[PDB]
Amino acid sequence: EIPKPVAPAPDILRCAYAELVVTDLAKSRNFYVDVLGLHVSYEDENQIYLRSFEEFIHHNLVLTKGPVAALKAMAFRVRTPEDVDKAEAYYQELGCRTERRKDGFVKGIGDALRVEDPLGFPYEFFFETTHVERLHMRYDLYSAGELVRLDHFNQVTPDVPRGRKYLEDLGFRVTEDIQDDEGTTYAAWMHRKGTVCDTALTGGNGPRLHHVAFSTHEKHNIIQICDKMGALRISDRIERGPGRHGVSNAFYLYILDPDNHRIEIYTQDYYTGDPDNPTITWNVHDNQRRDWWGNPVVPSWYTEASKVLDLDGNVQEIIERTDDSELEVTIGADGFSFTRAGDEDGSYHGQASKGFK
């Protein structure tokens, strides 16, 4: 297990941006700008910097051209400039590789620390960022599918309890999780900013980035994204949804960018800011835990996720999960799920719900 440092944890505000390596910058621009409507904060021949409708920091997404599509950094904003120093001491005590750039790794971020964290993920911590025009009332720019905030990340990692404890020490609080009666944990959601999560852990082979999630105002905004993808005849890039989540209670959609990076669109989870916020544990065999309406979870959702890079820009080696697989125990040949616990009517054995194998 990952020891708790004696050094104080940095005070993390929220998830702030991701840097994604993409192979074809123009095709990625098409997707994030022309399809999804994100707002350009800066661009050149090598990178595109993008933000959501309500953001005032420089960006929520950096697309960087490179040879291998991968997550390069998932960045958290910290409360004060001194929290970057705290982050550096903390990860140094953990024995992690760190790199400090006083003028930042990407445009519009100042003093920043990147680390290869104990789960193999490239985290950035920063305070300083260039403020830009907050577009929250620019209804002359507002899209029918407008993405309004960056909401969270979701990470694939083999040992969820191990990661959970490490994130708890860093000040994240678990809001919801998925377990079975045998005591296996399959997934956990944890927050700093007072929503259901800022990052989440999904059990599986890792380190891999499962998705980045953006918010909309209303459910019809998410519908419109689907409708637009149909009109553009790219409905094959709709992976899963739209649906209502069990965990989080949010309305959701998962789509795939040109490099198969998964993006979640999300709205209307609940407030978690009180320190005794009640934690919700779902049973892995509950067929309403993921999609509340009982729609089946496509296998690619469980098996596919993005590579992540180390600080040299090389792909991180993957460690295979040895705990039980959520896919296998729910929709695989020996799996099952229920609608009502203890009722064989509305239960599914060795296949998924709604009549699919």
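Just count from 1 along the sequence shown to find any residue number.
Asks: Would you tell me which stretch averages the higher CA B-factor in the PDB entry, 79-87 or 257-265?
Replies: Looking at the recorded C-alpha B-factors, 79-87 comes out higher on average.
Asks: Which is higher in the entry, the mean Cα B factor of 91-99 or that of 282-290?
Replies: Comparing 282-290 with 91-99, the higher average CA B-factor belongs to 91-99.
Asks: Per the PDB entry, which option out of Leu20, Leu25, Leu13, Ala333 has the greatest Cα B factor?
Replies: Checking the PDB record, the top C-alpha B-factor among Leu20, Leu25, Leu13, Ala333 is at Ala333.
Asks: With respect to the C-alpha temperature factors reported in the PDB entry, which of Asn314, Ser41, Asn60, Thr64 ranks highest?
Replies: Comparing C-alpha B-factors across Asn314, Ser41, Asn60, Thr64, the top value belongs to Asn314.
Asks: Test of reading the entry: by CA B factor among the chain's modelled residues, which third contains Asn249?
Replies: Lowest third of the chain for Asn249's C-alpha B-factor.
Asks: Consider only the C-alpha atoms of the modelled residues in this chain, order them by B-factor as the entry records it, and name the third containing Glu54: lowest, middle or highest.
Replies: Lowest third.
Asks: Pull the Cα B-factor of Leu36 out of the PDB entry and bin it into the chain's lowest, middle or highest third.
Replies: For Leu36, whose C-alpha B-factor we compare with every modelled residue in the chain, the answer is the lowest third.
Asks: Should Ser143 be placed in the lowest, middle or highest third of its chain by the C-alpha B factor in the entry?
Replies: Answer is lowest: the recorded C-alpha B-factor places it there.
Asks: Please place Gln224 in the lowest, middle or highest third of its chain by C-alpha B factor as given in the entry.
Replies: For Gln224, whose C-alpha B-factor we compare with every modelled residue in the chain, the answer is the lowest third.
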